[PDB]
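In structure tokens, one chain follows: the form deposited in one PDB entry.
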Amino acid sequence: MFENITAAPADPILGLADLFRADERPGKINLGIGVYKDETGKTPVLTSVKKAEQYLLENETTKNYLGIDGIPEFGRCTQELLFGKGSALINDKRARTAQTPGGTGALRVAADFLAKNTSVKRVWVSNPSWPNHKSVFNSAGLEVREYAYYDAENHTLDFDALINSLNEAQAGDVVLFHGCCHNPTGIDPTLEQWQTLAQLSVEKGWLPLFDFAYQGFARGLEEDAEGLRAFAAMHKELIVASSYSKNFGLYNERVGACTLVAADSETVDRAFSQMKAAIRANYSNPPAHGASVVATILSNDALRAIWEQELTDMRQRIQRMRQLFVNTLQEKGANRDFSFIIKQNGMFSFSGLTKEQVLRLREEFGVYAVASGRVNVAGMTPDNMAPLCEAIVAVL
């Protein structure tokens, strides 16, 4: 049965850790997968989650199966983070949320639901986007069409070309938007651009699918949700695939959420019973540990207060490294004004390096970056910054 199965190619992001950990060189720098690092080059487990895990240890009684949709406390806390404390969607009982294994898991549950219970065929994703977006929707049977987004010349969002691209998108199609910290470009719409985009989705009848993996990493928790909230007010139906991997540093515990909203309570509950059936035919119900850590923190005033200070420390540290990368590329002799990456937000810098420059950087200098030129700024420290900028100027 397996004699003719040819090998899958390596994953552009996850396949980099395989290679990096097989590299023997005593100075190699990682920069590939989007994981935060502190000043010492360690990815620590946050204090707020270590204390929540203590609590869980001494206060859990059972490991008995959670419902298909997970912990309800989790689900209420998520909706309030996404839509606002005292939103109309929460009060009209218009939103239903299931707990999933991370944002990828939330994106697949969404694709399965839509493939089985809706008339969609096309999903529209930005050029460029996270690589694994194509892969998840195609697994469900859905085709993936592309919309323009970045202007590589001016290092801006080409908004007139995005508008124009999306005029080939029909009523009934899904348009995937990133809520904040666009992966890979780092360029987000302004509130004004998000409002234009919202009225145009209503007018043309597109179903918004928001990918929201970086809440808290651009300006702050509530600010980062302005785009989504501008849409939620205009729209009867939308789905958001949220993740807590990043902003809670809970990467390997797999905690995320798939929130479904419809016109009213009766409809969203009908729709959600099908999303529950799609979940049962995949994994059966969700992993409890990471998700009850999120819920313990969000519920406790003290533990929440320690967490959004740990999250603003992470965002501020990346902010300093983005400046330090631009300053040190200048004193190392790069002839290219790299000042545009300071305007990008999130964990990454989309440097504009070519696939060959990226490839020469791992093979000669041992610094690992994604083949699109995406580099992880949150992986940069003051100690690896000069060997790093020295490697990039030599390849330019």
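For the two forms, the rigid core is made up of the largest set of C-alpha atoms that agree within 1.5 Å on superposition. Note that residue numbering follows the sequence shown and begins at 1.
Relative to the displayed structure, the C-alphas of 323-331 lie farther away on average in 4 other deposited structures of this protein than those of the other candidate, with 51-59 and 323-331 compared after rigid core superposition.
When the mean C-alpha temperature factors of 185-193 and 159-167 are read from the deposited coordinates, 159-167 comes out higher.
Mean CA temperature factor is higher for 143-151 when stretches 176-184 and 143-151 are set side by side in the entry.
Per the PDB record, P26 has a higher Cα B-factor than any other of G32, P26, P44, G70. Taking the deposited Cα B-factors for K63, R360, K50, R336, the highest one is held by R336.
Sort the chain's modelled residues by C-alpha temperature factor and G86 lands in the highest third, per the entry. Among all modelled residues in this chain, the alpha-carbon of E310 has a temperature factor (C-alpha) in the lowest third.
Residue-level temperature factors show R96 in the lowest third of its chain, judged at the C-alpha atom. Per-chain ranking of the deposited C-alpha B factor places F350 in the middle third. Sort the chain's modelled residues by C-alpha temperature factor and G373 lands in the lowest third, per the entry.
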